Amino acid sequence: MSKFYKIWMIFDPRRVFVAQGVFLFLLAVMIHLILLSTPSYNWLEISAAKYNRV
Amino acid sequence: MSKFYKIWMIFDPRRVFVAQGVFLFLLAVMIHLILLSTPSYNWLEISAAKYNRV
Amino acid sequence: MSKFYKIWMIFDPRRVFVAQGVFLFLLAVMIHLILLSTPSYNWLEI
Amino acid sequence: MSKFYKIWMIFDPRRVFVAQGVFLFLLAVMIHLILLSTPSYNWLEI
Amino acid sequence: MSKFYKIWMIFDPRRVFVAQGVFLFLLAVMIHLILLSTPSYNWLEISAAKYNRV
Amino acid sequence: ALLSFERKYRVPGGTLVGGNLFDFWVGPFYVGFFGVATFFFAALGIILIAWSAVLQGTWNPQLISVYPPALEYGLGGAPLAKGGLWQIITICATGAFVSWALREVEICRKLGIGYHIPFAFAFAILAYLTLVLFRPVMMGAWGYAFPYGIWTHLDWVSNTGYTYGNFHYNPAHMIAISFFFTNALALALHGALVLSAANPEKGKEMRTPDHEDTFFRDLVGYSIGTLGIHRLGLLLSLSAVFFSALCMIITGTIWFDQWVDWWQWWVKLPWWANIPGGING
Amino acid sequence: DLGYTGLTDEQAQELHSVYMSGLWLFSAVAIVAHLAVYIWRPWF
Amino acid sequence: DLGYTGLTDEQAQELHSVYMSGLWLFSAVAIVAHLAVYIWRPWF
Amino acid sequence: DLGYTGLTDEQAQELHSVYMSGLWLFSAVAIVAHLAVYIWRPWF
Amino acid sequence: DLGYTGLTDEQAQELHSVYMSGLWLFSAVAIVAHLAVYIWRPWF
Amino acid sequence: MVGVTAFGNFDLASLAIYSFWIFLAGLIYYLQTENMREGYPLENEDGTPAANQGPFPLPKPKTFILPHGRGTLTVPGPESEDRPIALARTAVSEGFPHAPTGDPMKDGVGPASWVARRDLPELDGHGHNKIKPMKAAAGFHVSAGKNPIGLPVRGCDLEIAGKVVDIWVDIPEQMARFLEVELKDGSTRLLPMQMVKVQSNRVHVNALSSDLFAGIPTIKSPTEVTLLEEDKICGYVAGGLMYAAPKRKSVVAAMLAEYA
Amino acid sequence: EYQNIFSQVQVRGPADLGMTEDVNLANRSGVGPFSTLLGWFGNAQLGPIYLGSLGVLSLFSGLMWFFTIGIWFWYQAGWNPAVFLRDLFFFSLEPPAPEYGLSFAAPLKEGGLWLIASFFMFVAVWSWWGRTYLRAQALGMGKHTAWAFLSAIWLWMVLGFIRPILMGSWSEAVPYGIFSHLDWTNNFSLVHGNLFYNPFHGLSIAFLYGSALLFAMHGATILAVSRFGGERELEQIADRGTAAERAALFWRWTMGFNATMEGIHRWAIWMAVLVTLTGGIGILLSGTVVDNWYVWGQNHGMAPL
Amino acid sequence: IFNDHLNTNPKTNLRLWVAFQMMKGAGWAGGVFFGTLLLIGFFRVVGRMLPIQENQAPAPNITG
Amino acid sequence: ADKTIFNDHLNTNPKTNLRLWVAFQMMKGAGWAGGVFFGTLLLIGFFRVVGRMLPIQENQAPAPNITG
Ligand code: BCL
Ligand SMILES: COC(C)(C)C/C=C/C(C)=C/C=C/C(C)=C/C=C/C(C)=C/C=C/C=C(C)/C=C/C=C(\C)CC/C=C(\C)CCC=C(C)C
Ligand SMILES: COC(C)(C)C/C=C/C(C)=C/C=C/C(C)=C/C=C/C(C)=C/C=C/C=C(C)/C=C/C=C(\C)CC/C=C(\C)CCC=C(C)C
Ligand SMILES: COC(C)(C)C/C=C/C(C)=C/C=C/C(C)=C/C=C/C(C)=C/C=C/C=C(C)/C=C/C=C(\C)CC/C=C(\C)CCC=C(C)C
Ligand SMILES: COC(C)(C)C/C=C/C(C)=C/C=C/C(C)=C/C=C/C(C)=C/C=C\C=C(C)\C=C\C=C(/C)CC/C=C(\C)CCC=C(C)C
Ligand SMILES: [Fe+2]
């Protein structure tokens with residue numbers, strides 16, 4: 001972590017911030033979707049089972 | 001958190017605000033549709049079974 | 001909430017109002033069609 | 001049909017337009033209610 | 001191993017760093033998915049069995 | 001983020017809707033009002049495909065499939081889990097395609113070139129709408145449209161073809177196939193010819209259009225020219241798509257039996273219908 | 001030239017032109033609505 | 001005072017006042033419509 | 001010192017203050033909506 | 001002093017300081033979220 | 001060899017499909033690198049080289065040997081505008097339009113732009129000029145379709161700008177390229193064939209209005225046209241589409257303007 | 001507005017006999033008539049056509065192939081012109097039955113005539129390829145047309161020659177006849193399971209649709225920038241004008257990347273070549289390596305079960 | 001003060017002026033109609049409140 | 001563009017002239033939107049009517065893809 005600031009001498013901050021925001025949003029969507037895919041951790045479904053919705 | 005204002009020295013507010021509006025509407029629609037897909041939290045059907053519209 | 005008027009120092013009202021009208025009509029049509037799709041709330045069939 | 005514009009030399013546009021708006025809304029409401037009354041065309045129940 | 005710095009006299013750091021980031025993220029995703037595929041090391045299902053969520 | 005010559009062409013104006021609200025570029029892309037619409041629709045469609053994959057249960061991209069409503073739902077709506085997602089994704093896809101065409105129109109206007117390209121794209125859009133909108137509506141159900149899967153819309157193609165026996169016996173289909181094949185041949189010939197003219201034998205000067213015309217008159221005895229060949233390519237591609245759309249609009253709509261029976265009309269012509277011998281009779 | 005309201009011929013002609021334009025726009029929208037309804041559920 | 005469009009403070013304030021008046025009128029009509037629908041056929 | 005959009009420090013500070021005010025208003029409305037939904041039908 | 005982007009050392013240091021502050025705020029929120037989830041339903 | 005697998009399900013078919021994926025990736029790389037021969041390296045909106053230059057590197061230089069002793073061309077290489085651009089940036093941030101400062105149609109910016117090409121006539125394979133006026137072209141004559149010579153030229157404002165005096169023709173292709181139009185002042189300009197709608201009575205030009213017909217660039221020699229003059233004339237006429245819209249006397253355009 | 005689809009005026013002058021280098025003008029024939037009907041669309045001039053040694057060989061072989069099939073069609077019709085017109089599309093020149101395998105011992109009425117016609121077609125096509133290469137070489141051009149034709153020939157050979165050899169029977173090849181070869185393709189599909197689930201069949205279809213898409217895009221672009229004289233593409237390669245720049249900027253602002261006035265032709269030639277290349281590979285694999293493509297797809301994650 | 005609306009041409013300025021007039025009148029009419037509708041709805045809800053479903057009364061008038 | 005002759009529309013104060021000019025703007029835009037939507041609706045209806053006119057009901061095809 002000593003001289004990481006020099007990365008901004010290599011990469012334009014605007015493009016890097018745009019790509020990082022896009023990447024983080026897509027990654028979070030992917031992980032939430034993967035969790036929703038499994039029968040456990042499907043918070044909607046296991047909540048429906050816990051409270052006897054169906 | 002104080003210096004975050006400097007982001008506006010990086011990005012033109014017009015483009016950022018347009019992108020933000022589009023993204024927020026898209027995300028809201030996505031989440032509402034996801035809720036409508038599941039048999040639970042499908043508020044339409046939860047009510048329709050409540051009042052016997054079938 | 002008081003200073004929101006300053007948004008009009010950022011955006012030309014003509015473009016904003018055109019976009020707003022198009023968006024509102026589009027959203028209303030979308031929601032009405034979604035309601036018409038479901039067997040319930042399909043007021044015609046109900 | 002060309003000379004119909006001369007009707008505006010007879011009637012003030014303000015009164016005529018107000019009466020026209022009221023009449024059109026009233027007629028539209030009447031027809032919609034008539035359709036809603038019949039078991040057919042009662043789009044809600046259909 | 002000392003003279004490896006001379007690689008930067010061959011490659012522009014911008015392109016190399018972009019390629020490196022993309023490659024590392026791609027490899028990490030690939031390995032995580034491979035682990036998720038097998039019934040063992042599918043940490044989601046291993047834990048669901050351990051705590052009897054089924 | 002500009003080409004060496006791009007600077008002098010980035011000027012305001014040439015936009016159908018929105019004044020200069022969205023008259024700006026994002027990187028190389030040109031946004032515009034219809035670009036905003038295209039991005040929204042595309043993003044929504046892709047995320048809904050991912051969500052339908054979650055509902056289906058499989059994460060294999062080739063197995064993901066978004067089936068349309070069954071035939072029992074007619075032309076009405078369906079539950080999102082069993083038909084609704086297909087319809088939402090189809091509305092998104094149609095909106096994205098139309099907005100893409102209109103954005104291309106705006107870019108053509110800003111550059112001062114002719115409107116041939118969005119017009120050409122409109123043919124592909126109309127063929128897609130024939131397969132998804134016009135034919136199912138004409139036929140009476142959304143279950144006649146194709147699923148949105150990589151290998152499952154091929155199942156739709158195969159089943160729809162074999163409903164009518166060998167689909168090769170469709171005349172509006174034969175014409176379209178011949179147009180597609182002629183288009184591929186023309187494209188190969190044109191690309192190869194311009195490359196051989198611009199990249200001649202090693203050490204020699206660049207050849208001229210006169211050499212191209214000479215080569216194709218030597219080969220087959222007719223040269224169509226440069227303007228001619230580009231006109232011909234556009235016409236062949238558009239005609240292929242048009243006749244394919246026709247072939248699928250008349251199938252199951254005004255013709256319901258096996259397609260070889262259609263070809264039986266020529267055999268039954270009065271002045272050779274009864275003569276013995278040959279394959280037919 | 002009754003002039004019961006005070007409008008001249010040019011003013012009346014302009015007003016009638018604009019009013020008829022609005023009337024024809026309204027009628028066109030009504031016609032497309034009736035066509036849509038008739039296709040959906042004819043009444044004859 | 002960025003002035004990307006050229007409006008002054010007074011113009012922006014007046015425009016926002018009128019726009020918010022229109023927005024509140026639209027919202028009021030929407031609210032009465034939702035109340036009527038909920039009375040006719042509640043969704044909760 | 002750094003500059004990419006031409007805004008000065010004061011303009012950036014004012015813009016950020018107004019934008020954060022709007023963000024917090026939006027977040028407050030979202031929070032009350034989530035509270036209402038959770039009371040009506042909890043998901044945990 | 002490569003300067004492929006034209007930023008000087010001071011600008012780069014300031015930008016990195018602010019960016020790292022934002023990164024650590026985001027990471028802190030993520031950590032508290034993961035702790036809450038693990039308490040609610042551990043995955044180990 | 002039917003059904004035999006080296007490992008898992010991998011067999012000859014899987015080997016072929018995977019080798020094809022590798023080949024396809026290589027081919028896409030090669031094709032894009034070939035497409036990176038003109039317009040690179042990327043520039044900023046002021047003129048300095050950009051920070052972002054692309055995942056694909058620039059290709060090795062290649063040389064074209066032009067015919068008739070015109071020289072050689074080396075691409076990629078040092079490319080410069082070789083002209084002044086009359087534009088002013090509207091906003092500080094990147095990615096916004098540059099507004100024209102003076103007259104866009106004369107400054108040569110926007111849709112009315114032009115490139116500083118070679119100031120020499122175009123030559124066919126034999127060494128003669130590729131485009132010649134028909135009256136100086138031996139044996140050439142109108143073969144079919146409505147003859148445009150002698151028909152009045154009408155501008156986009158429905159006013160007559162002149163009369164057609166001659167047709168310029170491409171000698172090898174035997175297709176007409178330019179019309180020569182003589183104005184009231186007696187001088188003659190050129191108009192590309194692609195911009196005129198030869199009707200029964202008149203030649204109609206929807207790009208330019210009548211008053212702008214004098215603004216078209218002229219040619220040095222009456223018996224030839226160079227590539228640079230071609231570029232200037234074509235850019236002028238085409239940019240008339242956008243920069244002569246007010247003067248254009250169109251019914252539907254007028255209705256849209258009244259609407260807006 | 002004028003959309004440049006058709007010429008609105010035709011001019012004609014002295015006929016262009018063509019360039020002259022390393023080419024024997026004796027073989028070049030005379031210039032034919034000027035056709036106004038074609039003059040509306042492209043060049044009106046027909047000929048002159050080069051008739052070399054390979055030209056004569058190709059013409060003779062192709063004439064004999066066409067006439068052989070015609071005579072068999074006549075025999076199949078009972079030599080009745082009315083039946084010949086009534087059953088022109090339904091005739092067939094079938095390959096030898098599977099009983100004979102690859103043997104040349106088939107009777108002339110049940111397989112020999114097919115072998116003779118196949119030999120004639122083989123000679124005609126290969127002589128034509130040699131002709132294309134030699135014509136390119138005479139003018140000093142590159143041999144790109146030769147290699148694209150070579151791709152087409154590769155698919156043709158796999159269909160007719162190599163695959164029957166690998167399968168071990170002449171009955172695997174394609175019968176000469178319109179509906180006969182349509183039925184041949186349909187049966188080839190049905191025998192080997194869905195050909196749809198052949199991955200190389202899918203790639204071939206991908207590149208055919210891509211050929212149509214790319215030619216539509218390129219034709220529309222060039223017609224849209226023809227008002228700047230963009231159709232003179234060799235000139236644009238030599239000296240980049242505003243036509244090339246406007247086309248490149250349209251495609252860059254549309255989809256983020258572009259081609260040059262030359263590289264788009266590399267894209268075109270490859271998007272056309274890969275059709276027959278991948279099709280030949282896929283057909284070669286079918287039957288030889290896979291006997292049921294649906295089951296192969298099921299085992300390779302493509303089919304649901 | 002904003003004075004940018006003044007840029008629209010006059011004939012359109014009034015082509016919308018009386019749009020405003022006539023339909024404002026019936027916007028008043030619509031207000032009346034929806035007020036009556038909401039009054040009827042309020043009485044329907046109060047009717048849903050009371051224990052009326054348990055015991056109802058026959059028709060006072062007969063033969064319809 | 002040319003000024004109107006009746007000039008009694010000019011008697012409205014500028015603020016209400018505004019309160020309708022912008023109405024006019026935003027909702028001219030969504031009048032265009034409504035035109036597009038109803039055009040597509042009419043196109044679908046035309047194809048539905050042509051489908052009725054034809055004898056589809058008597059003989060119709062089974063579902064191409066599985067599960068309808
Ligand atoms: C029920 C039928 C089967 C099927 C069976 C087959 C079979 C079997 C084959 C194809 C093949 C092809 N199919 Mg399939 N096909 C089906 C469904 C489809 C669908 C669809 C939407 O459903 C599509 C778009 C396609 C499309 C395609 C093409 C991509 C491909 C042919 C390339 C080509 O140009 O060949 C034609 C080009 C040539 C033959 C080149 C000829 C070159 C020679 C040199 C020409 C000599 C001319 C001669 C001398 C005469 C000249 C005379 C005068 C001089 C003019 N198929 C279904 C699943 N299809 C082929 C392929 O490659 O598959 C992998 C193939 O063999
Ligand atoms: C499946 O579930 C789905 C996806 C359907 C649900 C999704 C829901 C979400 C994603 C949709 C989001 C909806 C929200 C974000 C939309 C809210 C919109 C609000 C802002 C409505 C605003 C209305 C504004 C009204 C129409 C104002 C009109 C203006 C008046 C006419 C007066 C204007 C007069 C001007 C100001 C003149 C002044 C001129 C100067 C000189 C004074
Ligand atoms: C399956 O599960 C799924 C995938 C659905 C879940 C996925 C969840 C994740 C992936 C979604 C992520 C969501 C997060 C990242 C979105 C958070 C967004 C925040 C940032 C909301 C921000 C809102 C900002 C509000 C709207 C601000 C509005 C601005 C006001 C109107 C005032 C602006 C006035 C300007 C500043 C004028 C100033 C001008 C100068 C002159 C002073
Ligand atoms: C089951 O799912 C599987 C496991 C298959 C998928 C798993 C995949 C693995 C590979 C996930 C990988 C995750 C890693 C790669 C992602 C890490 C992301 C972190 C490192 C990104 C950091 C984000 C930090 C952001 C939130 C912070 C931004 C800071 C801004 C808010 C501050 C603004 C900076 C401005 C003010 C600088 C300007 C200063 C002046 C001088 C102008
Ligand atoms: C009235 O006019 C008359 C009757 C005089 C003449 C008109 C005749 C008409 C009726 C002729 C009709 C011809 C038909 C319609 C042409 C159809 C051709 C079909 C469509 C071609 C389809 C497939 C072609 C396959 C792929 C052929 C492939 C060729 C092989 C690669 C060559 C293999 C050569 C080997 C077998 C040679 C083995 C024998 C030697 C001795 C080793
Ligand atoms: Fe070309």
# chains A, B, ... in the order shown; residues from 1 in each chain; ligands from 1
>>> residues_around(residues="residue H:43", least_positions_apart="6", cutoff="8 Å", atoms="only C-alpha atoms", output="JSON, numbers by chain")
{"B": [43, 44, 47, 48]}
>>> residues_near_ligand(ligand="ligand 4", cutoff="8 Å", atoms="only C-alpha atoms and all ligand atoms", output="PyMOL selection string")
(chain A and resi 13+17+20-21+24+27+30-31+34-35) or (chain B and resi 3-7+9-10) or (chain E and resi 25-33+36) or (chain I and resi 1-3) or (chain J and resi 11-27)
>>> interface_residues(of="chain K", to="chain H", cutoff="12 Å", atoms="only C-alpha atoms", output="list in words")
residues 90, 91 and 92 of chain K
>>> calpha_fit_and_write(fixed="chain H", moving="chain J", output="tab-separated table (two decimals) with N, CA, C and O atoms, in the first residue's frame")
chain	number	residue	atom	x	y	z
J	1	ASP	N	-23.11	29.47	-9.55
J	1	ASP	CA	-23.94	29.85	-10.69
J	1	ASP	C	-23.48	29.12	-11.95
J	1	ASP	O	-22.72	29.65	-12.75
J	2	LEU	N	-23.96	27.88	-12.10
J	2	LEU	CA	-23.53	27.05	-13.22
J	2	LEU	C	-24.12	27.55	-14.53
J	2	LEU	O	-23.40	27.88	-15.48
J	3	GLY	N	-25.45	27.60	-14.61
J	3	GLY	CA	-26.11	28.14	-15.78
J	3	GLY	C	-25.79	27.41	-17.06
J	3	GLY	O	-25.48	28.04	-18.08
J	4	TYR	N	-25.85	26.08	-17.03
J	4	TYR	CA	-25.66	25.31	-18.25
J	4	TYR	C	-26.73	25.60	-19.29
J	4	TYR	O	-26.53	25.32	-20.47
J	5	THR	N	-27.86	26.16	-18.87
J	5	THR	CA	-28.96	26.48	-19.77
J	5	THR	C	-29.18	27.97	-19.96
J	5	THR	O	-29.94	28.35	-20.86
J	6	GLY	N	-28.54	28.82	-19.16
J	6	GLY	CA	-28.70	30.25	-19.31
J	6	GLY	C	-29.82	30.87	-18.52
J	6	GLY	O	-30.02	32.09	-18.61
J	7	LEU	N	-30.57	30.08	-17.77
J	7	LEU	CA	-31.61	30.62	-16.90
J	7	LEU	C	-31.00	31.25	-15.66
J	7	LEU	O	-30.01	30.75	-15.11
J	8	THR	N	-31.59	32.35	-15.22
J	8	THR	CA	-31.19	33.01	-13.99
J	8	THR	C	-31.94	32.41	-12.81
J	8	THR	O	-32.82	31.55	-12.97
J	9	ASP	N	-31.60	32.86	-11.60
J	9	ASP	CA	-32.22	32.30	-10.41
J	9	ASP	C	-33.72	32.56	-10.36
J	9	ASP	O	-34.50	31.67	-10.02
J	10	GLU	N	-34.14	33.78	-10.71
J	10	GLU	CA	-35.56	34.10	-10.64
J	10	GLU	C	-36.36	33.27	-11.64
J	10	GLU	O	-37.45	32.76	-11.31
J	11	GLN	N	-35.84	33.12	-12.86
J	11	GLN	CA	-36.52	32.30	-13.86
J	11	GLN	C	-36.63	30.86	-13.40
J	11	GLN	O	-37.69	30.23	-13.54
J	12	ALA	N	-35.56	30.32	-12.83
J	12	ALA	CA	-35.59	28.94	-12.34
J	12	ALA	C	-36.61	28.78	-11.22
J	12	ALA	O	-37.36	27.80	-11.19
J	13	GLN	N	-36.65	29.74	-10.28
J	13	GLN	CA	-37.61	29.64	-9.18
J	13	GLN	C	-39.04	29.69	-9.69
J	13	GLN	O	-39.89	28.91	-9.25
J	14	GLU	N	-39.33	30.60	-10.62
J	14	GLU	CA	-40.69	30.70	-11.15
J	14	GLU	C	-41.07	29.42	-11.90
J	14	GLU	O	-42.18	28.88	-11.72
J	15	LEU	N	-40.16	28.92	-12.73
J	15	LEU	CA	-40.43	27.70	-13.49
J	15	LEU	C	-40.67	26.53	-12.56
J	15	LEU	O	-41.59	25.73	-12.77
J	16	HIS	N	-39.85	26.40	-11.51
J	16	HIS	CA	-40.03	25.31	-10.57
J	16	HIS	C	-41.34	25.43	-9.82
J	16	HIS	O	-42.00	24.42	-9.56
J	17	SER	N	-41.73	26.65	-9.45
J	17	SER	CA	-43.00	26.83	-8.76
J	17	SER	C	-44.16	26.35	-9.64
J	17	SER	O	-45.03	25.59	-9.18
J	18	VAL	N	-44.17	26.76	-10.90
J	18	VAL	CA	-45.26	26.35	-11.78
J	18	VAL	C	-45.23	24.84	-12.03
J	18	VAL	O	-46.27	24.17	-12.02
J	19	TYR	N	-44.03	24.29	-12.24
J	19	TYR	CA	-43.91	22.86	-12.49
J	19	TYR	C	-44.37	22.05	-11.29
J	19	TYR	O	-45.04	21.03	-11.44
J	20	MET	N	-44.01	22.49	-10.08
J	20	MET	CA	-44.45	21.78	-8.88
J	20	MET	C	-45.96	21.90	-8.70
J	20	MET	O	-46.60	20.96	-8.23
J	21	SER	N	-46.54	23.05	-9.05
J	21	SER	CA	-47.99	23.16	-9.00
J	21	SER	C	-48.65	22.14	-9.91
J	21	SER	O	-49.60	21.45	-9.52
J	22	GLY	N	-48.14	22.01	-11.13
J	22	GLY	CA	-48.67	21.01	-12.04
J	22	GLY	C	-48.47	19.59	-11.52
J	22	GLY	O	-49.36	18.75	-11.63
J	23	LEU	N	-47.30	19.32	-10.95
J	23	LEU	CA	-47.02	18.00	-10.40
J	23	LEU	C	-47.98	17.66	-9.28
J	23	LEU	O	-48.47	16.53	-9.19
J	24	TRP	N	-48.27	18.62	-8.40
J	24	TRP	CA	-49.17	18.35	-7.29
J	24	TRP	C	-50.61	18.17	-7.78
J	24	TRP	O	-51.34	17.35	-7.22
J	25	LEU	N	-51.02	18.91	-8.81
J	25	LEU	CA	-52.34	18.67	-9.38
J	25	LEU	C	-52.44	17.25	-9.94
J	25	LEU	O	-53.41	16.53	-9.68
J	26	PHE	N	-51.42	16.84	-10.70
J	26	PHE	CA	-51.41	15.49	-11.26
J	26	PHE	C	-51.43	14.44	-10.16
J	26	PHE	O	-52.17	13.45	-10.25
J	27	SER	N	-50.64	14.65	-9.11
J	27	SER	CA	-50.59	13.70	-8.01
J	27	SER	C	-51.92	13.63	-7.28
J	27	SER	O	-52.34	12.55	-6.84
J	28	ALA	N	-52.60	14.76	-7.12
J	28	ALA	CA	-53.91	14.75	-6.46
J	28	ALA	C	-54.91	13.94	-7.27
J	28	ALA	O	-55.68	13.15	-6.71
J	29	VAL	N	-54.92	14.13	-8.59
J	29	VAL	CA	-55.83	13.34	-9.42
J	29	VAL	C	-55.50	11.86	-9.32
J	29	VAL	O	-56.39	11.00	-9.21
J	30	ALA	N	-54.20	11.53	-9.33
J	30	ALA	CA	-53.80	10.13	-9.21
J	30	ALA	C	-54.24	9.55	-7.87
J	30	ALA	O	-54.68	8.39	-7.80
J	31	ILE	N	-54.12	10.32	-6.80
J	31	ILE	CA	-54.49	9.83	-5.47
J	31	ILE	C	-55.99	9.56	-5.40
J	31	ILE	O	-56.42	8.54	-4.86
J	32	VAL	N	-56.81	10.47	-5.93
J	32	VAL	CA	-58.24	10.21	-5.88
J	32	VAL	C	-58.59	8.99	-6.74
J	32	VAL	O	-59.47	8.19	-6.37
J	33	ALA	N	-57.90	8.80	-7.87
J	33	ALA	CA	-58.15	7.62	-8.69
J	33	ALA	C	-57.79	6.34	-7.94
J	33	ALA	O	-58.55	5.36	-7.98
J	34	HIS	N	-56.65	6.33	-7.25
J	34	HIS	CA	-56.25	5.15	-6.49
J	34	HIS	C	-57.21	4.87	-5.35
J	34	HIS	O	-57.52	3.71	-5.06
J	35	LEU	N	-57.69	5.92	-4.68
J	35	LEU	CA	-58.68	5.72	-3.63
J	35	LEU	C	-59.94	5.08	-4.19
J	35	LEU	O	-60.49	4.14	-3.60
J	36	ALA	N	-60.42	5.58	-5.33
J	36	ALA	CA	-61.62	5.01	-5.93
J	36	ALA	C	-61.41	3.54	-6.28
J	36	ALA	O	-62.28	2.70	-6.02
J	37	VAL	N	-60.26	3.21	-6.87
J	37	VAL	CA	-60.00	1.82	-7.23
J	37	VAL	C	-59.91	0.94	-5.99
J	37	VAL	O	-60.47	-0.16	-5.96
J	38	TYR	N	-59.22	1.42	-4.95
J	38	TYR	CA	-59.06	0.62	-3.74
J	38	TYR	C	-60.41	0.35	-3.08
J	38	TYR	O	-60.65	-0.75	-2.58
J	39	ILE	N	-61.28	1.36	-3.06
J	39	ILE	CA	-62.63	1.14	-2.53
J	39	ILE	C	-63.37	0.12	-3.39
J	39	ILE	O	-64.03	-0.78	-2.87
J	40	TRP	N	-63.25	0.24	-4.71
J	40	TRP	CA	-63.96	-0.68	-5.60
J	40	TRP	C	-63.40	-2.10	-5.50
J	40	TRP	O	-64.16	-3.07	-5.50
J	41	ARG	N	-62.08	-2.24	-5.42
J	41	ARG	CA	-61.48	-3.56	-5.46
J	41	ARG	C	-60.09	-3.52	-4.84
J	41	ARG	O	-59.10	-3.36	-5.55
J	42	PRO	N	-59.98	-3.66	-3.52
J	42	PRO	CA	-58.67	-3.50	-2.87
J	42	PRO	C	-57.69	-4.58	-3.30
J	42	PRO	O	-58.07	-5.70	-3.64
J	43	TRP	N	-56.41	-4.22	-3.30
J	43	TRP	CA	-55.34	-5.13	-3.68
J	43	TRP	C	-54.45	-5.51	-2.51
J	43	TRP	O	-53.32	-5.96	-2.71
J	44	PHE	N	-54.94	-5.36	-1.28
J	44	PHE	CA	-54.18	-5.73	-0.10
J	44	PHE	C	-55.06	-6.50	0.88
J	44	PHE	O	-56.24	-6.20	1.03
>>> residues_around(residues="residue C:19", least_positions_apart="6", cutoff="8 Å", atoms="only C-alpha atoms", output="NGL selection string")
(:F and (18)) or (:N and (26 or 29))
>>> write_last_selection(atoms="C-alpha atoms", output="mmCIF file, in the first residue's frame")
data_model
loop_
_atom_site.group_PDB
_atom_site.id
_atom_site.type_symbol
_atom_site.label_atom_id
_atom_site.label_comp_id
_atom_site.auth_asym_id
_atom_site.auth_seq_id
_atom_site.Cartn_x
_atom_site.Cartn_y
_atom_site.Cartn_z
ATOM 1 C CA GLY F 18 -34.737 15.967 -27.392
ATOM 2 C CA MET N 26 -44.448 17.842 -22.142
ATOM 3 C CA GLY N 29 -44.307 14.664 -26.427
#
>>> residues_near_ligand(ligand="ligand 1", cutoff="6 Å", atoms="only C-alpha atoms and all ligand atoms", output="ChimeraX atom specification")
/F:181 /L:125,152-153,155-156,185-186,188-189,195-196,201,204-205,208,275-276,279-280,282-283
>>> residues_near_ligand(ligand="ligand 6", cutoff="12 Å", atoms="only C-alpha atoms and all ligand atoms", output="PyMOL selection string")
(chain F and resi 186-195+197-198+209+225-234) or (chain L and resi 214-223+225-226+230-237+244+259-269)
>>> select_by_dssp(residues="stretch 89-265 of chain L", states="alpha helix (DSSP H)", output="PyMOL selection string")
chain L and resi 113-139+144-157+163-167+178-191+199-224+233-238+242-255+263-265
>>> residues_near_ligand(ligand="ligand 5", cutoff="7 Å", atoms="only C-alpha atoms and all ligand atoms", output="PyMOL selection string")
chain L and resi 66-67+69-71+73-74+88+115-116+118-119+121-122+156-161+173-178+181
>>> residues_around(residues="stretch 22-36 of chain D", least_positions_apart="6", cutoff="9 Å", atoms="only C-alpha atoms", output="list in words")
residues 42, 43, 44 and 45 of chain D; 22, 23, 25, 26, 27, 28, 29, 30 and 33 of chain M
>>> closest_residue(among="D:21, D:8, D:40, D:46", to="chain G", atoms="only C-alpha atoms")
D:8
>>> interface_residues(of="chain K", to="chain N", cutoff="10 Å", atoms="only C-alpha atoms", output="PyMOL selection string")
chain K and resi 257-260
>>> residues_around(residues="stretch 23-39 of chain F", least_positions_apart="6", cutoff="8 Å", atoms="only C-alpha atoms", output="list in words")
residues 22 of chain B; 1, 2, 12, 13, 15, 17, 95, 96, 97, 99, 100, 102, 103 and 107 of chain F; 95, 96 and 97 of chain K; 252, 253, 254, 255, 256 and 257 of chain L
